[PDB]
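Let's start with one chain on its own, the form deposited in one PDB entry, as structure tokens.
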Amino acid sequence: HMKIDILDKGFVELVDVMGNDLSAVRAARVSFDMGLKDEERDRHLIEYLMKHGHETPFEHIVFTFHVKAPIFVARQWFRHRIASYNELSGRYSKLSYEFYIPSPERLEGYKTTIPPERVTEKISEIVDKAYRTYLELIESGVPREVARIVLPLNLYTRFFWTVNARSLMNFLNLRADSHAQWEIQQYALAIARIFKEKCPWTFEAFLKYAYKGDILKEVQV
């Protein structure tokens, strides 16, 4: 399965997909009691749909992704309500030592009172101390659902995400944009790369006529 590594321990993996560019073509044509025609006229229809705001046909293309990301990234991601999610539980699972530790280059462009290297080390210390406490609590009999409240927001979680192409394009408009947090931007770029490979016509038409973000127009795949 296509799997793209993100951040230091994260990833985005495509699990399954239903439909393709032609699915949208057929769904649009039913309006006129028609179906598919030719690869030329059909690709042209996708462009027409995109530039005129005919979005419902794209709801028939559905993706399911497997994602590993820090909780602070997931919190933002899960705000996209038009989708389905199933996530790893801290109430039910003993948590592993997997945290997002940003490299010094994450602070590139900002003037700091201390070396970027120090910030990275400072974050690492908090992680170590918090996880150590988490383990001490669980080993002592503290219920998992309580012990985990001391763990930081950079803890990695895992989830399945099923979303249709229309909602996915909304996600890209909002997250594959410089105003979004850099960390989720990286995930949106991976999502875009997978989208591009499975629905090339839809993706191209989207970038040329509907995309309202900036990064996908300044970054290849």
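Sequential numbering from 1, following the sequence displayed. Note that the rigid core is defined as the largest set of C-alphas that superpose within 1.5 Å between two forms.
In the other compared entries of this protein that model both flanking residues, residue 34 lacks coordinates in at least a third of them. Per the PDB record, of the two stretches 183 to 191 and 161 to 169, 183 to 191 carries the greater mean B-factor over its C-alpha atoms. Remark: stretch with higher mean C-alpha B factor among 78 to 86 and 112 to 120 is 112 to 120. Per the PDB record, 35 has a higher Cα B-factor than any other of 152, 35, 70, 57. Among the modelled residues of its chain, residue 18 has a C-alpha B-factor that falls in the middle third, as given in the PDB entry. Residue 45: CA B factor lies in the highest third for its chain, per the PDB record. Sorting the modelled residues of the chain by their CA temperature factor places residue 51 in the highest third. Compared with the other modelled residues of the chain, the Cα B-factor recorded for residue 205 ranks in the middle third.
When the CA B factors of the chain's modelled residues are split into thirds, the value for residue 106 lands in the highest one.
Absent from the display: the form deposited in another entry. The rest refers to it.
95 is the only residue from 127, 95, 147, 83 whose Cα shifts by 2 Å or more between this form and the one not shown, the rigid core being superposed. Between residue 92 and residue 63, the Cα distance is smaller in the other entry than in this structure, by no less than 3 angstroms.
Three angstroms is the minimum change: in the other entry, the CA atoms of residue 91 and residue 128 sit farther apart than in this structure, by 3 Å or more.
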